[PDB]
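Worksheet: one structure, shown below.
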Amino acid sequence: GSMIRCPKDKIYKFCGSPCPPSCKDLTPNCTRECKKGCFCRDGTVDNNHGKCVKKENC
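Be aware that the sequence shown starts at 981, since it is given in this note's numbering, and climbs by one per residue.
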């Protein structure tokens, strides 16, 4: 087959957001659409360091 298996830190989705949940904003306001690709794992947010980590680090 032909599929790019993204890193274990990420997950492939058919719908995602260019603005993911973060430690700075748990739900950023965006006029975004469903983006197809690999985003951070559910429950893993963009911290204030620029990395997706567990919400416990927020």
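Ideal Cβ placement from N, Cα and C applies to all residues, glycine included.
With a floor of 4 residues, list each alpha helix (DSSP H) that falls wholly inside the segment 981-1024, ordered by position along the chain. none
How long is the line joining the alpha carbons of residue 1032 and residue 1024, rounded to whole angstroms? Counting from 1 along the sequence shown, the entry for residue 1032 is found at position 52. Counting from 1 along the sequence shown, the entry for residue 1024 is found at position 44. Cα to Cα, the separation comes out at about 6 Å.
Which whole-angstrom value is the C-beta distance of residue 1020 and residue 990, which I expect to be below 8 Å? Within the sequence shown, the letter at position 40 stands for residue 1020. Within the sequence shown, the letter at position 10 stands for residue 990. Between residue 990 and residue 1020 the Cβ distance is about 6 Å, and since that is below 8 Å, they are a contact.
Between which two residues does the beta strand (DSSP E) carrying residue 1032 extend? Position 52 of the sequence shown, counted from the start, is the residue given in the question as residue 1032. Per DSSP, residue 1032 belongs to the beta strand (DSSP E) from 1032-1034.
If contacts are defined as beta-carbon pairs under 8 Å, then residue 1003 and residue 1027 qualify, I think. What distance do you get, rounded to the angstrom? Here residue 1003 refers to the residue found at position 23 when the sequence shown is read from its first residue. Here residue 1027 refers to the residue found at position 47 when the sequence shown is read from its first residue. Right, the Cβ-Cβ distance comes to about 5 Å (below 8 Å), so this counts as a contact.
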